[PDB]
Amino acid sequence: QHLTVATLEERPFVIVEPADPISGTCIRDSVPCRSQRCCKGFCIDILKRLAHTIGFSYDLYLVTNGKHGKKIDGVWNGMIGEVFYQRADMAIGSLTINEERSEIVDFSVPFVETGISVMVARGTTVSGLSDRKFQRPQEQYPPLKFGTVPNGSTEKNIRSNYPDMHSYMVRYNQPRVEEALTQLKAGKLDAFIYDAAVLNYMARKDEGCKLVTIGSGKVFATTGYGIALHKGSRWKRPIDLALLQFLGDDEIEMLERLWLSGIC
Ligand SMILES: N[C@H](CCC(=O)O)C(=O)O
């Protein structure tokens with residue numbers, strides 16, 4: 001009846017703000033979340049609906065041990081680690097389903113479609129991730145500068161499928177999306193390769209609409225965000241049924257409009 005839920009800030013899917021200074025409570029659509037503050041956003045609204053529909057209470061906390069999830073020398077960190085090591089009953093956020101993670105935790109059915117996209121300044125001109133500027137990176141006279149934020153499903157995918165390109169990207173690793181966008185707009189990066197759902201949102205919200213996304217096309221695989229649960233969790237089925245209901249009730253579509261819209 002009571003679940004411990006791990007999450008991670010990644011706007012606009014999870015947004016963290018201080019409590020209302022006047023009341024000292026989380027107001028509006030926000031809910032209390034502690035650190036491993038008030039949380040809101042697309043995924044938090046999903047969590048609120050799951051809790052109401054299925055009928056559980058929860059304790060929400062922000063992950064400080066890494067981010068989404070990476071395995072290093074046999075040990076998982078991030079949201080995936082919290083679930084795998086059974087510190088949390090579930091993790092919800094902008095958490096990407098991939099093969100490696102699916103082996104060790106169960107995922108809900110996907111509730112947001114994602115993958116990998118490439119962001120560049122509208123001025124800049126490359127074809128896409130197929131472009132040899134990316135693929136044969138150290139062939140270009142002034143090298144192309146492209147990076148990702150390391151440790152997530154994007155870097156995992158690139159290292160596994162395009163190890164040459166990955167090796168070239170390492171020096172351009174960015175600490176978070178905000179800095180990457182800054183470097184891209186300053187021309188310190190030529191492209192930023194990252195989660196599609198997030199990148200496409202950032203493109204839509206860009207002050208002045210100067211940042212644009214290119215589809216990765218055939219280069220990378222589509223996937224989705226899923227809620228992570230203990231392998232064999234009894235919670236998977238009721239979570240899935242609820243999510244499926246939300247999808248067909250246009251509740252998810254409504255939340256997309258609410259949280260992920262932009263003018264660009
Ligand atoms: N959703 C993030 C992907 C971030 C990225 O593009 O690396 C994850 O679960 O790892």
# chains A, B, ... in the order shown; residues from 1 in each chain; ligands from 1
>>> residues_around(residues="residue 8 (chain A)", least_positions_apart="3", cutoff="10 Å", atoms="only C-alpha atoms", output="list in words")
residues 11, 13, 14, 15, 16, 35, 39, 61, 62, 63, 64, 66, 67, 68, 78, 79, 91, 92, 93, 94 and 95 of chain A
>>> select_by_dssp(residues="region 1-248 of chain A", states="alpha helix (DSSP H)", output="short mmCIF file (atom, residue, chain, number, x, y, z; two decimals) with N, CA, C and O atoms, in the first residue's frame")
data_model
loop_
_atom_site.label_atom_id
_atom_site.label_comp_id
_atom_site.auth_asym_id
_atom_site.auth_seq_id
_atom_site.Cartn_x
_atom_site.Cartn_y
_atom_site.Cartn_z
N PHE A 42 5.83 16.32 -16.04
CA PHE A 42 5.12 15.27 -16.77
C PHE A 42 5.10 13.95 -16.01
O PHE A 42 4.05 13.34 -15.83
N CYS A 43 6.27 13.49 -15.57
CA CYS A 43 6.36 12.19 -14.91
C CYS A 43 5.75 12.23 -13.52
O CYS A 43 5.25 11.23 -13.02
N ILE A 44 5.80 13.39 -12.88
CA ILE A 44 5.21 13.52 -11.56
C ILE A 44 3.68 13.44 -11.67
O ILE A 44 3.02 12.86 -10.81
N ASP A 45 3.13 14.01 -12.74
CA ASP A 45 1.69 13.91 -12.99
C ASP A 45 1.27 12.47 -13.29
O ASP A 45 0.19 12.02 -12.91
N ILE A 46 2.15 11.72 -13.96
CA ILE A 46 1.89 10.30 -14.19
C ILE A 46 1.86 9.56 -12.85
O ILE A 46 0.98 8.74 -12.59
N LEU A 47 2.84 9.86 -12.01
CA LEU A 47 2.93 9.24 -10.70
C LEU A 47 1.69 9.55 -9.86
O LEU A 47 1.13 8.67 -9.21
N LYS A 48 1.24 10.80 -9.90
CA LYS A 48 0.05 11.19 -9.16
C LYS A 48 -1.17 10.38 -9.59
O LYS A 48 -1.96 9.93 -8.76
N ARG A 49 -1.33 10.21 -10.90
CA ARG A 49 -2.45 9.44 -11.43
C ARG A 49 -2.37 7.95 -11.12
O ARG A 49 -3.39 7.31 -10.84
N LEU A 50 -1.17 7.38 -11.18
CA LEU A 50 -0.98 5.99 -10.81
C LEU A 50 -1.36 5.76 -9.35
O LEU A 50 -2.04 4.79 -9.02
N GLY A 78 22.55 5.34 -10.01
CA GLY A 78 21.39 6.06 -10.52
C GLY A 78 20.05 5.46 -10.15
O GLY A 78 19.96 4.64 -9.23
N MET A 79 19.00 5.87 -10.86
CA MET A 79 17.66 5.32 -10.63
C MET A 79 17.63 3.80 -10.78
O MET A 79 16.98 3.11 -9.99
N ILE A 80 18.32 3.28 -11.79
CA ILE A 80 18.36 1.83 -12.00
C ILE A 80 18.93 1.09 -10.79
O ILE A 80 18.38 0.09 -10.34
N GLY A 81 20.05 1.59 -10.27
CA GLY A 81 20.65 1.03 -9.08
C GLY A 81 19.72 1.03 -7.87
O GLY A 81 19.66 0.04 -7.14
N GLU A 82 19.00 2.13 -7.65
CA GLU A 82 18.06 2.21 -6.52
C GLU A 82 17.02 1.09 -6.56
O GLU A 82 16.66 0.53 -5.52
N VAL A 83 16.52 0.80 -7.76
CA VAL A 83 15.54 -0.27 -7.93
C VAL A 83 16.19 -1.65 -7.85
O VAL A 83 15.72 -2.52 -7.12
N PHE A 84 17.28 -1.83 -8.58
CA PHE A 84 18.01 -3.10 -8.60
C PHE A 84 18.45 -3.55 -7.21
O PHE A 84 18.34 -4.72 -6.85
N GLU A 99 18.36 -2.67 -23.39
CA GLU A 99 18.54 -4.10 -23.16
C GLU A 99 19.26 -4.41 -21.86
O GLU A 99 18.85 -5.29 -21.09
N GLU A 100 20.35 -3.69 -21.61
CA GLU A 100 21.17 -3.90 -20.43
C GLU A 100 20.36 -3.71 -19.14
O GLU A 100 20.48 -4.48 -18.19
N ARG A 101 19.55 -2.66 -19.11
CA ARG A 101 18.74 -2.39 -17.93
C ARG A 101 17.61 -3.40 -17.80
O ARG A 101 17.31 -3.88 -16.71
N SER A 102 17.00 -3.75 -18.92
CA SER A 102 15.88 -4.68 -18.93
C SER A 102 16.28 -6.06 -18.41
O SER A 102 15.44 -6.83 -17.94
N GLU A 103 17.56 -6.38 -18.51
CA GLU A 103 18.04 -7.66 -18.01
C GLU A 103 17.92 -7.76 -16.49
O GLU A 103 17.70 -8.85 -15.95
N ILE A 104 18.06 -6.63 -15.80
CA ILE A 104 18.16 -6.68 -14.35
C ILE A 104 17.00 -6.02 -13.57
O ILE A 104 16.86 -6.25 -12.37
N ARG A 132 29.74 12.08 -42.39
CA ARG A 132 31.08 11.62 -42.03
C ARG A 132 31.78 12.58 -41.08
O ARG A 132 32.77 12.22 -40.44
N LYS A 133 31.27 13.80 -40.98
CA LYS A 133 31.79 14.74 -39.99
C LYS A 133 31.67 14.07 -38.62
O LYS A 133 32.54 14.23 -37.76
N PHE A 134 30.59 13.32 -38.44
CA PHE A 134 30.35 12.57 -37.22
C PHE A 134 31.04 11.21 -37.25
O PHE A 134 31.74 10.85 -36.31
N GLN A 135 30.83 10.47 -38.34
CA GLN A 135 31.28 9.08 -38.44
C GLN A 135 32.79 8.93 -38.61
O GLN A 135 33.43 8.14 -37.91
N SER A 153 21.76 6.28 -21.41
CA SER A 153 21.48 5.32 -22.48
C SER A 153 22.06 5.78 -23.81
O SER A 153 22.35 4.95 -24.68
N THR A 154 22.21 7.08 -24.00
CA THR A 154 22.77 7.56 -25.26
C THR A 154 24.23 7.15 -25.42
O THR A 154 24.59 6.54 -26.44
N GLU A 155 25.06 7.45 -24.43
CA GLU A 155 26.46 7.05 -24.52
C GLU A 155 26.59 5.53 -24.62
O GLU A 155 27.43 5.02 -25.36
N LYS A 156 25.77 4.81 -23.86
CA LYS A 156 25.79 3.36 -23.93
C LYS A 156 25.57 2.88 -25.36
O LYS A 156 26.26 1.99 -25.84
N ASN A 157 24.59 3.48 -26.03
CA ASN A 157 24.24 3.08 -27.39
C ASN A 157 25.37 3.38 -28.38
O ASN A 157 25.71 2.55 -29.23
N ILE A 158 25.97 4.56 -28.25
CA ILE A 158 27.04 4.97 -29.16
C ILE A 158 28.28 4.12 -28.95
O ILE A 158 28.92 3.68 -29.91
N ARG A 159 28.64 3.87 -27.69
CA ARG A 159 29.83 3.06 -27.44
C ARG A 159 29.66 1.64 -28.00
O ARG A 159 30.60 1.06 -28.57
N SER A 160 28.45 1.09 -27.87
CA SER A 160 28.19 -0.28 -28.33
C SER A 160 28.14 -0.39 -29.85
O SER A 160 28.63 -1.36 -30.42
N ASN A 161 27.53 0.60 -30.49
CA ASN A 161 27.25 0.52 -31.92
C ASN A 161 28.25 1.27 -32.80
O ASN A 161 28.50 0.88 -33.95
N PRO A 163 31.79 2.52 -31.75
CA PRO A 163 32.92 2.73 -30.82
C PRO A 163 33.94 3.75 -31.31
O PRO A 163 34.55 4.44 -30.49
N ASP A 164 34.13 3.86 -32.62
CA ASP A 164 35.08 4.83 -33.16
C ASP A 164 34.58 6.25 -32.87
O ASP A 164 35.31 7.08 -32.34
N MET A 165 33.33 6.51 -33.23
CA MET A 165 32.73 7.81 -32.99
C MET A 165 32.69 8.09 -31.49
O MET A 165 32.97 9.20 -31.05
N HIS A 166 32.35 7.08 -30.70
CA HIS A 166 32.31 7.26 -29.25
C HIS A 166 33.65 7.76 -28.72
O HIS A 166 33.70 8.68 -27.91
N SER A 167 34.74 7.15 -29.17
CA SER A 167 36.05 7.49 -28.66
C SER A 167 36.38 8.96 -28.93
O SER A 167 37.06 9.62 -28.14
N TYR A 168 35.87 9.46 -30.04
CA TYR A 168 36.08 10.84 -30.46
C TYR A 168 35.22 11.83 -29.66
O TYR A 168 35.58 13.00 -29.52
N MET A 169 34.09 11.35 -29.15
CA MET A 169 33.14 12.20 -28.41
C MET A 169 33.54 12.46 -26.97
O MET A 169 33.09 13.42 -26.36
N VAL A 177 22.49 18.98 -19.55
CA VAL A 177 21.88 19.50 -20.76
C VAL A 177 22.02 21.01 -20.86
O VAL A 177 22.33 21.55 -21.92
N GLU A 178 21.80 21.69 -19.75
CA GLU A 178 21.89 23.14 -19.73
C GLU A 178 23.25 23.65 -20.24
O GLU A 178 23.30 24.55 -21.08
N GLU A 179 24.34 23.06 -19.76
CA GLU A 179 25.67 23.49 -20.20
C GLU A 179 25.90 23.12 -21.67
O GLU A 179 26.49 23.90 -22.42
N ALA A 180 25.43 21.95 -22.08
CA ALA A 180 25.57 21.53 -23.46
C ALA A 180 24.92 22.53 -24.41
O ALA A 180 25.51 22.91 -25.42
N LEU A 181 23.70 22.97 -24.07
CA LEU A 181 22.99 23.96 -24.89
C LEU A 181 23.77 25.26 -24.96
O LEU A 181 23.85 25.89 -26.02
N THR A 182 24.34 25.66 -23.83
CA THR A 182 25.19 26.84 -23.75
C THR A 182 26.41 26.74 -24.66
O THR A 182 26.75 27.69 -25.37
N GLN A 183 27.08 25.59 -24.63
CA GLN A 183 28.26 25.40 -25.46
C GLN A 183 27.89 25.37 -26.93
O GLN A 183 28.62 25.88 -27.78
N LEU A 184 26.74 24.76 -27.22
CA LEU A 184 26.27 24.67 -28.59
C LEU A 184 25.96 26.06 -29.15
O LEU A 184 26.32 26.38 -30.28
N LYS A 185 25.32 26.90 -28.34
CA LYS A 185 24.97 28.25 -28.79
C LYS A 185 26.19 29.15 -28.89
O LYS A 185 26.21 30.10 -29.68
N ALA A 196 16.01 11.90 -27.28
CA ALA A 196 15.16 12.57 -28.25
C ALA A 196 14.03 13.38 -27.62
O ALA A 196 13.78 14.52 -28.01
N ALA A 197 13.33 12.79 -26.66
CA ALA A 197 12.20 13.46 -26.03
C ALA A 197 12.63 14.77 -25.38
O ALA A 197 11.96 15.80 -25.53
N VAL A 198 13.76 14.73 -24.68
CA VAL A 198 14.30 15.94 -24.06
C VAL A 198 14.81 16.95 -25.08
O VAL A 198 14.49 18.13 -25.00
N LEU A 199 15.60 16.49 -26.05
CA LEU A 199 16.17 17.38 -27.05
C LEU A 199 15.10 18.08 -27.88
O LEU A 199 15.21 19.27 -28.17
N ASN A 200 14.09 17.33 -28.28
CA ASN A 200 13.02 17.90 -29.07
C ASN A 200 12.23 18.94 -28.29
O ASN A 200 11.79 19.95 -28.85
N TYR A 201 12.06 18.72 -26.99
CA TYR A 201 11.42 19.72 -26.15
C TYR A 201 12.25 20.99 -26.07
O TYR A 201 11.72 22.09 -26.21
N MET A 202 13.55 20.83 -25.85
CA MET A 202 14.45 21.98 -25.75
C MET A 202 14.46 22.80 -27.03
O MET A 202 14.55 24.03 -27.00
N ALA A 203 14.35 22.12 -28.17
CA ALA A 203 14.27 22.80 -29.46
C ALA A 203 13.01 23.64 -29.51
O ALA A 203 13.04 24.81 -29.91
N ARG A 204 11.89 23.05 -29.10
CA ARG A 204 10.61 23.75 -29.10
C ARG A 204 10.55 24.95 -28.14
O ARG A 204 9.74 25.85 -28.34
N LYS A 205 11.40 24.96 -27.12
CA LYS A 205 11.37 26.02 -26.10
C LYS A 205 12.50 27.03 -26.24
O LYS A 205 12.58 27.98 -25.47
N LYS A 236 4.15 -4.43 -11.59
CA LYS A 236 4.22 -4.18 -13.03
C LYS A 236 2.84 -4.22 -13.70
O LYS A 236 2.48 -3.30 -14.44
N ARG A 237 2.07 -5.27 -13.42
CA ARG A 237 0.79 -5.43 -14.10
C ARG A 237 -0.21 -4.31 -13.83
O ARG A 237 -0.80 -3.76 -14.76
N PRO A 238 -0.43 -3.96 -12.55
CA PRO A 238 -1.38 -2.86 -12.30
C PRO A 238 -0.87 -1.52 -12.84
O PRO A 238 -1.68 -0.71 -13.28
N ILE A 239 0.44 -1.30 -12.79
CA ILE A 239 1.02 -0.09 -13.37
C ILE A 239 0.77 -0.06 -14.89
O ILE A 239 0.36 0.96 -15.44
N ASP A 240 1.02 -1.18 -15.54
CA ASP A 240 0.82 -1.29 -16.99
C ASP A 240 -0.63 -1.02 -17.38
O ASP A 240 -0.91 -0.24 -18.29
N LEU A 241 -1.55 -1.69 -16.69
CA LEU A 241 -2.98 -1.51 -16.98
C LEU A 241 -3.39 -0.05 -16.83
O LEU A 241 -4.11 0.49 -17.68
N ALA A 242 -2.95 0.59 -15.76
CA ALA A 242 -3.23 2.01 -15.56
C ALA A 242 -2.67 2.86 -16.70
O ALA A 242 -3.38 3.69 -17.28
N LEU A 243 -1.39 2.68 -17.01
CA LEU A 243 -0.75 3.45 -18.08
C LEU A 243 -1.49 3.25 -19.40
O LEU A 243 -1.69 4.20 -20.16
N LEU A 244 -1.86 2.01 -19.67
CA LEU A 244 -2.58 1.68 -20.89
C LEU A 244 -3.93 2.39 -20.90
O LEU A 244 -4.34 2.92 -21.94
N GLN A 245 -4.59 2.42 -19.75
CA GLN A 245 -5.84 3.16 -19.62
C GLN A 245 -5.63 4.64 -19.88
O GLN A 245 -6.40 5.26 -20.61
N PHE A 246 -4.59 5.22 -19.27
CA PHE A 246 -4.29 6.64 -19.45
C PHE A 246 -4.08 6.95 -20.92
O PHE A 246 -4.62 7.92 -21.45
N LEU A 247 -3.28 6.12 -21.59
CA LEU A 247 -3.00 6.32 -23.01
C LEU A 247 -4.27 6.36 -23.86
O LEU A 247 -4.44 7.26 -24.68
N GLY A 248 -5.16 5.40 -23.65
CA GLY A 248 -6.37 5.29 -24.44
C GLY A 248 -7.44 6.30 -24.06
O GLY A 248 -8.42 6.50 -24.79
#
>>> closest_residue(among="A:210, A:218, A:176, A:28", to="ligand 1", atoms="only C-alpha atoms and all ligand atoms")
A:176
>>> closest_residue(among="A:220, A:225, A:235, A:76", to="ligand 1", atoms="only C-alpha atoms and all ligand atoms")
A:225
>>> atom_distance(atom1="CA of residue 12 (chain A)", atom2="CA of residue 170 (chain A)")
26.5 Å
>>> closest_residue(among="A:24, A:115, A:215, A:18", to="ligand 1", atoms="only C-alpha atoms and all ligand atoms")
A:115
>>> atom_distance(atom1="CA of residue 65 (chain A)", atom2="CA of residue 119 (chain A)")
27.8 Å
>>> select_by_dssp(residues="region 43-147 of chain A", states="strand (DSSP E)", output="PyMOL selection string")
chain A and resi 57-62+71-72+75-76+90-91+106-107+112-114+116-121+146-147
>>> decode(residues="region 41-84 of chain A", atoms="N, CA and C atoms", output="PDB file, in the first residue's frame")
ATOM      1  N   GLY A  41       5.948  18.046 -12.822  1.00  0.00           N
ATOM      2  CA  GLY A  41       6.304  17.800 -14.205  1.00  0.00           C
ATOM      3  C   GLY A  41       5.535  16.637 -14.788  1.00  0.00           C
ATOM      4  N   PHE A  42       5.831  16.321 -16.042  1.00  0.00           N
ATOM      5  CA  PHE A  42       5.119  15.275 -16.769  1.00  0.00           C
ATOM      6  C   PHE A  42       5.101  13.945 -16.011  1.00  0.00           C
ATOM      7  N   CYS A  43       6.268  13.492 -15.571  1.00  0.00           N
ATOM      8  CA  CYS A  43       6.361  12.193 -14.911  1.00  0.00           C
ATOM      9  C   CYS A  43       5.751  12.233 -13.517  1.00  0.00           C
ATOM     10  N   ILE A  44       5.803  13.394 -12.878  1.00  0.00           N
ATOM     11  CA  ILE A  44       5.206  13.519 -11.556  1.00  0.00           C
ATOM     12  C   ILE A  44       3.678  13.440 -11.671  1.00  0.00           C
ATOM     13  N   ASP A  45       3.127  14.009 -12.743  1.00  0.00           N
ATOM     14  CA  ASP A  45       1.685  13.911 -12.992  1.00  0.00           C
ATOM     15  C   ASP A  45       1.273  12.466 -13.289  1.00  0.00           C
ATOM     16  N   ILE A  46       2.147  11.721 -13.958  1.00  0.00           N
ATOM     17  CA  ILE A  46       1.890  10.300 -14.187  1.00  0.00           C
ATOM     18  C   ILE A  46       1.859   9.560 -12.853  1.00  0.00           C
ATOM     19  N   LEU A  47       2.836   9.858 -12.008  1.00  0.00           N
ATOM     20  CA  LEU A  47       2.930   9.239 -10.695  1.00  0.00           C
ATOM     21  C   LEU A  47       1.685   9.549  -9.864  1.00  0.00           C
ATOM     22  N   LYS A  48       1.244  10.802  -9.896  1.00  0.00           N
ATOM     23  CA  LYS A  48       0.046  11.188  -9.156  1.00  0.00           C
ATOM     24  C   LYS A  48      -1.174  10.384  -9.594  1.00  0.00           C
ATOM     25  N   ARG A  49      -1.331  10.210 -10.902  1.00  0.00           N
ATOM     26  CA  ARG A  49      -2.453   9.444 -11.435  1.00  0.00           C
ATOM     27  C   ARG A  49      -2.372   7.948 -11.122  1.00  0.00           C
ATOM     28  N   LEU A  50      -1.167   7.384 -11.176  1.00  0.00           N
ATOM     29  CA  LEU A  50      -0.978   5.986 -10.809  1.00  0.00           C
ATOM     30  C   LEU A  50      -1.364   5.764  -9.351  1.00  0.00           C
ATOM     31  N   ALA A  51      -0.922   6.669  -8.486  1.00  0.00           N
ATOM     32  CA  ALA A  51      -1.166   6.534  -7.057  1.00  0.00           C
ATOM     33  C   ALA A  51      -2.666   6.575  -6.766  1.00  0.00           C
ATOM     34  N   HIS A  52      -3.360   7.493  -7.427  1.00  0.00           N
ATOM     35  CA  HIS A  52      -4.802   7.627  -7.262  1.00  0.00           C
ATOM     36  C   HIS A  52      -5.561   6.449  -7.874  1.00  0.00           C
ATOM     37  N   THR A  53      -5.193   6.063  -9.090  1.00  0.00           N
ATOM     38  CA  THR A  53      -5.900   4.991  -9.789  1.00  0.00           C
ATOM     39  C   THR A  53      -5.691   3.621  -9.142  1.00  0.00           C
ATOM     40  N   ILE A  54      -4.454   3.323  -8.761  1.00  0.00           N
ATOM     41  CA  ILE A  54      -4.143   2.013  -8.205  1.00  0.00           C
ATOM     42  C   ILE A  54      -4.376   2.004  -6.697  1.00  0.00           C
ATOM     43  N   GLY A  55      -4.222   3.168  -6.075  1.00  0.00           N
ATOM     44  CA  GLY A  55      -4.488   3.317  -4.656  1.00  0.00           C
ATOM     45  C   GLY A  55      -3.311   3.006  -3.753  1.00  0.00           C
ATOM     46  N   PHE A  56      -2.172   3.643  -4.000  1.00  0.00           N
ATOM     47  CA  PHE A  56      -1.046   3.506  -3.085  1.00  0.00           C
ATOM     48  C   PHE A  56      -0.574   4.865  -2.605  1.00  0.00           C
ATOM     49  N   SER A  57       0.055   4.886  -1.440  1.00  0.00           N
ATOM     50  CA  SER A  57       0.732   6.083  -0.982  1.00  0.00           C
ATOM     51  C   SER A  57       2.199   5.908  -1.345  1.00  0.00           C
ATOM     52  N   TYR A  58       2.959   6.992  -1.327  1.00  0.00           N
ATOM     53  CA  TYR A  58       4.351   6.878  -1.709  1.00  0.00           C
ATOM     54  C   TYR A  58       5.244   7.894  -1.022  1.00  0.00           C
ATOM     55  N   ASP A  59       6.526   7.558  -1.020  1.00  0.00           N
ATOM     56  CA  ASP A  59       7.593   8.372  -0.487  1.00  0.00           C
ATOM     57  C   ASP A  59       8.511   8.642  -1.670  1.00  0.00           C
ATOM     58  N   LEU A  60       8.557   9.888  -2.131  1.00  0.00           N
ATOM     59  CA  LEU A  60       9.331  10.257  -3.322  1.00  0.00           C
ATOM     60  C   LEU A  60      10.671  10.886  -2.969  1.00  0.00           C
ATOM     61  N   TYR A  61      11.754  10.385  -3.564  1.00  0.00           N
ATOM     62  CA  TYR A  61      13.066  10.962  -3.308  1.00  0.00           C
ATOM     63  C   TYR A  61      13.889  11.120  -4.572  1.00  0.00           C
ATOM     64  N   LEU A  62      14.773  12.107  -4.545  1.00  0.00           N
ATOM     65  CA  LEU A  62      15.641  12.396  -5.673  1.00  0.00           C
ATOM     66  C   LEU A  62      16.951  11.642  -5.525  1.00  0.00           C
ATOM     67  N   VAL A  63      17.367  10.975  -6.596  1.00  0.00           N
ATOM     68  CA  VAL A  63      18.613  10.222  -6.610  1.00  0.00           C
ATOM     69  C   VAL A  63      19.827  11.151  -6.613  1.00  0.00           C
ATOM     70  N   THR A  64      20.790  10.857  -5.742  1.00  0.00           N
ATOM     71  CA  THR A  64      22.043  11.604  -5.685  1.00  0.00           C
ATOM     72  C   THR A  64      23.223  10.712  -6.072  1.00  0.00           C
ATOM     73  N   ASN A  65      22.998   9.402  -6.076  1.00  0.00           N
ATOM     74  CA  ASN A  65      24.026   8.442  -6.462  1.00  0.00           C
ATOM     75  C   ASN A  65      24.026   8.241  -7.976  1.00  0.00           C
ATOM     76  N   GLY A  66      24.630   9.175  -8.706  1.00  0.00           N
ATOM     77  CA  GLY A  66      24.571   9.143 -10.155  1.00  0.00           C
ATOM     78  C   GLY A  66      23.251   9.687 -10.669  1.00  0.00           C
ATOM     79  N   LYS A  67      22.880   9.306 -11.889  1.00  0.00           N
ATOM     80  CA  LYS A  67      21.702   9.873 -12.534  1.00  0.00           C
ATOM     81  C   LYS A  67      20.709   8.787 -12.927  1.00  0.00           C
ATOM     82  N   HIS A  68      20.576   8.541 -14.231  1.00  0.00           N
ATOM     83  CA  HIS A  68      19.584   7.590 -14.712  1.00  0.00           C
ATOM     84  C   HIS A  68      19.987   6.160 -14.393  1.00  0.00           C
ATOM     85  N   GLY A  69      21.223   5.816 -14.719  1.00  0.00           N
ATOM     86  CA  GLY A  69      21.732   4.505 -14.379  1.00  0.00           C
ATOM     87  C   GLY A  69      22.896   4.104 -15.251  1.00  0.00           C
ATOM     88  N   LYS A  70      23.994   3.739 -14.605  1.00  0.00           N
ATOM     89  CA  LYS A  70      25.137   3.212 -15.320  1.00  0.00           C
ATOM     90  C   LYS A  70      25.728   2.085 -14.502  1.00  0.00           C
ATOM     91  N   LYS A  71      26.232   1.076 -15.196  1.00  0.00           N
ATOM     92  CA  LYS A  71      26.902  -0.044 -14.557  1.00  0.00           C
ATOM     93  C   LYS A  71      28.408   0.148 -14.715  1.00  0.00           C
ATOM     94  N   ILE A  72      29.133   0.143 -13.603  1.00  0.00           N
ATOM     95  CA  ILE A  72      30.587   0.292 -13.654  1.00  0.00           C
ATOM     96  C   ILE A  72      31.240  -0.766 -12.787  1.00  0.00           C
ATOM     97  N   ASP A  73      32.111  -1.568 -13.388  1.00  0.00           N
ATOM     98  CA  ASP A  73      32.810  -2.619 -12.660  1.00  0.00           C
ATOM     99  C   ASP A  73      31.831  -3.450 -11.826  1.00  0.00           C
ATOM    100  N   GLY A  74      30.704  -3.811 -12.434  1.00  0.00           N
ATOM    101  CA  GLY A  74      29.750  -4.717 -11.814  1.00  0.00           C
ATOM    102  C   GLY A  74      28.709  -4.087 -10.902  1.00  0.00           C
ATOM    103  N   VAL A  75      28.747  -2.765 -10.759  1.00  0.00           N
ATOM    104  CA  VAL A  75      27.854  -2.074  -9.827  1.00  0.00           C
ATOM    105  C   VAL A  75      27.004  -1.020 -10.532  1.00  0.00           C
ATOM    106  N   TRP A  76      25.696  -1.061 -10.304  1.00  0.00           N
ATOM    107  CA  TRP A  76      24.779  -0.070 -10.868  1.00  0.00           C
ATOM    108  C   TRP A  76      24.606   1.154  -9.975  1.00  0.00           C
ATOM    109  N   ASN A  77      24.592   2.338 -10.585  1.00  0.00           N
ATOM    110  CA  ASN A  77      24.180   3.539  -9.871  1.00  0.00           C
ATOM    111  C   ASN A  77      22.874   4.123 -10.430  1.00  0.00           C
ATOM    112  N   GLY A  78      22.546   5.344 -10.014  1.00  0.00           N
ATOM    113  CA  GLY A  78      21.393   6.065 -10.524  1.00  0.00           C
ATOM    114  C   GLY A  78      20.051   5.457 -10.154  1.00  0.00           C
ATOM    115  N   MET A  79      18.999   5.865 -10.864  1.00  0.00           N
ATOM    116  CA  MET A  79      17.663   5.318 -10.627  1.00  0.00           C
ATOM    117  C   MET A  79      17.632   3.798 -10.777  1.00  0.00           C
ATOM    118  N   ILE A  80      18.320   3.278 -11.789  1.00  0.00           N
ATOM    119  CA  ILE A  80      18.356   1.830 -12.002  1.00  0.00           C
ATOM    120  C   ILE A  80      18.932   1.091 -10.793  1.00  0.00           C
ATOM    121  N   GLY A  81      20.048   1.590 -10.273  1.00  0.00           N
ATOM    122  CA  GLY A  81      20.654   1.027  -9.077  1.00  0.00           C
ATOM    123  C   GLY A  81      19.722   1.027  -7.867  1.00  0.00           C
ATOM    124  N   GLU A  82      18.998   2.126  -7.649  1.00  0.00           N
ATOM    125  CA  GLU A  82      18.059   2.210  -6.523  1.00  0.00           C
ATOM    126  C   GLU A  82      17.020   1.093  -6.562  1.00  0.00           C
ATOM    127  N   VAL A  83      16.520   0.796  -7.757  1.00  0.00           N
ATOM    128  CA  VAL A  83      15.539  -0.267  -7.933  1.00  0.00           C
ATOM    129  C   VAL A  83      16.193  -1.647  -7.847  1.00  0.00           C
ATOM    130  N   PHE A  84      17.281  -1.829  -8.582  1.00  0.00           N
ATOM    131  CA  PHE A  84      18.006  -3.103  -8.600  1.00  0.00           C
ATOM    132  C   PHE A  84      18.454  -3.547  -7.206  1.00  0.00           C
TER     133      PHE A  84
END
